């Protein structure tokens, strides 16, 4: 069967209201990044050199999520960034480790000095590592996870991007603690255009979720988040958290520099968004509203007691 099935994106679907007993304000946004690391808000900042470095990591950890420092920098640079976050100086939801230090992660891809990079990152006391690949379901990435897990047994791992059930089983089999889902979710995406490859996000999430169900392996929904409603759908589909890049690129904390163009403000050029905190408030508000609509008091309820209708567009 060449054409296996129809895949759904965020816009091909909508959530059906349910009898509710909770108000958006009584809802809990706590979730799991891994079985060992929880988050206070289900958001992660992308490992893009355009969105996450020490300032973004600190800002979002103080809000309850976690930032993943990008790998497009020297090994020394990446270590220092981790240390900046870890040695930081009200924020009720701040996410800290058992040593009261702000949480933070770092991305790494296959290179000649990956092991060397990881070693330095672990010395900086990074909380979690992201094996960053465009195609996580590969023999090279599988072997890379094995090596890292043998050399650093207690280092939590989020394994490369996948969109299938078979990929989830393989990565889990070698110790992946969390699976990051997301490959060619949109027609405008580079993988879809260049390689003609990819699977719509809702189907992607539902697929790996319908595989990792009953297990203690978490799921991160990475990419394509345009609105708070997308976060709601991503979690209802089965994600434990969501990784965001674009929507944060214009914030003050992004690695970019602030530019004032004829009375207007930008980051360089994307329009200024203000403190990350403001965008996050907007996003958690929408998530809470959505949970109110579905009668979910926790993230876990949103994932199990939720149903969609297919949108014939128009």
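Residue numbers count along the first chain shown, from 1.
According to the PDB entry, the deposited sequence contains 10 or more residues between residue 89 and residue 90 that lack coordinates.
In this entry, residue 268 is separated from residue 269 by 10 or more residues of the deposited sequence that have no coordinates. Between 257-265 and 30-38, it is 257-265 that carries the larger average Cα temperature factor according to the deposited entry. The PDB entry reports B-factors from which the mean C-alpha value can be compared for 270-278 and 44-52; the larger average falls on 270-278. The maximum CA B-factor among the listed residues 240, 222, 210, 170, taken from the PDB record, is found at 210. Note on the listed residues 192, 151, 125, 137: the highest Cα temperature factor in the record is that of 125. Residue 23: CA B factor lies in the highest third for its chain, per the PDB record. In the PDB entry, residue 159 places in the middle third of its chain by CA B-factor. Among all modelled residues in this chain, the alpha-carbon of residue 70 has a temperature factor (C-alpha) in the lowest third.
Looking at the C-alpha B-factors along this chain, the one for residue 141 belongs to the highest third. For residue 184, the recorded CA B-factor ranks within the middle third of the chain. Only modelled residues enter the ranking.
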